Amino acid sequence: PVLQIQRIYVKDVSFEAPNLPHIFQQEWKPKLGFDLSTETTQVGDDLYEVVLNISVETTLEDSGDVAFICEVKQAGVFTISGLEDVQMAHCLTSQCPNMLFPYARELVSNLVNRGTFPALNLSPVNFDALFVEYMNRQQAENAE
């Protein structure tokens, strides 16, 4: 019946480029490591804080040196109500994370640019798939 976005904010941000400025002397042959996960917390009546955790690490291959590492905790407070257990699970692990992704994308993008590295625009992520992992991992725990 109701899904409303109350507030979008960042809880934690980190960007590091340890090997500057010499790393810019190496051949830009980037190898991208991308980690992602989500977590929810009830913060009030029908109020949930959904947090999208994104970790990105880029290294140059013909050297292994780290170009930059970027970790972001993008969050949003949502008003959610009127959903069956499964509908709600999909909303918290897919729908909401998906609304927060583009904001995290831009944050990562912004930080990478500040290090003067070539643009990094995270490719779209299918959260439905993460939702399926949640289910499957639950059909496993509830079955012990």
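The first residue of the shown sequence is 1; numbering continues from there.
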Could you settle it for me: does 128-136 or 5-13 have the higher average Cα B factor in the PDB entry? 128-136
Read off the CA B-factors in the entry, average them over 80-88 and over 46-54, and name the higher stretch. 80-88
So if I compare the CA B-factors in the entry for 98, 116, 110, 40, which one is the largest? 40
Going by the CA temperature factor in the PDB record, which third of the chain does residue 123 belong to: lowest, middle or highest? lowest
Residue 106 by Cα B-factor - lowest, middle or highest third of the modelled chain: lowest
Split into thirds by Cα B-factor across the chain's modelled residues, where does residue 27 land: lowest, middle or highest? middle
